[PDB]
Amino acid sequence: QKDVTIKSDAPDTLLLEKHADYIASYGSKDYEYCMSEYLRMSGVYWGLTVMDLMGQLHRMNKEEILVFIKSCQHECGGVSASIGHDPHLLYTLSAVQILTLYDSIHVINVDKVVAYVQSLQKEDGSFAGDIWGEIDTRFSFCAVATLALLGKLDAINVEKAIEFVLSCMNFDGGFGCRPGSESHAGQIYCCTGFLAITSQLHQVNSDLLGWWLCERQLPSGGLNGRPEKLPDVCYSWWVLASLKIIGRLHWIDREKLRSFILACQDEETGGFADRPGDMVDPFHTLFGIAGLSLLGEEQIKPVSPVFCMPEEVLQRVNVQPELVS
């Protein structure tokens, strides 16, 4: 019932040129900009990844970004979102993803990153985001995705990490933040990504979870993150990537979702917003473009459903987890 109504004049064409122009010019130089500096490293990752998927990575500033990244690695080995901010697993992953896109991993101290990640694992197998101890399956994913890209998944207690993630699996086939937490598409992406990386997708009930995920699709074509919520273009990534991992991507109406995603574009400014007619941002621009790639858009590079990076990049580093057939 809760849903958007797409306008008859909503964009129905993919506007790559405008998106590339928008991201290439993002951060020049602004209130919400300023105000989101606490996530800058992830913001940089979102921008670089979407540009690379569109074949426009060259238009970004590699040299500047590599100096920024090195400046954000702390003595503990962890990486912060920005200079002067505190290290965290979120921005450690984002940094490693960026360096992988640029084939510049040894810009940072890899041994120390591995030690940092290792140190955040708890006795039950879970991971804290940082020294202050917040536990979330987001961080289980961040830890194993970071390690996988570095070729160091053996640094953590994998069986215990698996046990923890499976203890977050719910009655409906999905996954939440922590044991007992309600299922949410964002957490399902993290957990199915985790299970892909650790070769445990046989433990997912693909038919049950797949059904729960395809029921995210509302009459508008758009996807929400759990029942009775509004759709959001970023669920085009969270839901679709999960469905792809578990081999059930065809359970979505591809055409209606494509139409919804394109409607979220801003025809004047470029970029995508969470829903049609709202304010655009790099976060939603990445997830709209990546969702379209998962749906098979000709003009966009194929994207890894696990790592949200171009598949050609992961092929290069030889980390391509097997998905459910």
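Note that residue numbering follows the sequence shown and begins at 1. In this text, rigid core is short for the largest set of C-alphas that superpose within 1.5 Å between two forms.
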Please tell me which region, 5-13 or 303-311, has C-alphas lying farther from the displayed form on average in 8 other deposited structures of this protein, with superposition done on the core. 5-13
In 8 other deposited structures of this protein, superposed by the rigid core, which stretch departs further from the shown form in CA positions, 265-273 or 31-39? 31-39
Chain break class for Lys29 to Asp30, judged by how many deposited residues have no coordinates: 1 to 3
So which stretch wins on mean C-alpha B-factor, 188-196 or 104-112? 104-112
Third of the chain, ranked by Cα B-factor, where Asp86 sits: middle
Which third of the chain does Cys264 land in by C-alpha B-factor: lowest, middle or highest? highest
For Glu255, does the deposited CA B-factor place it in the lowest, middle or highest third of the chain? highest
Relative C-alpha B-factor of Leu294, binned into the chain's lowest, middle or highest third: highest
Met41's Cα B-factor: lowest, middle or highest third of the chain? lowest
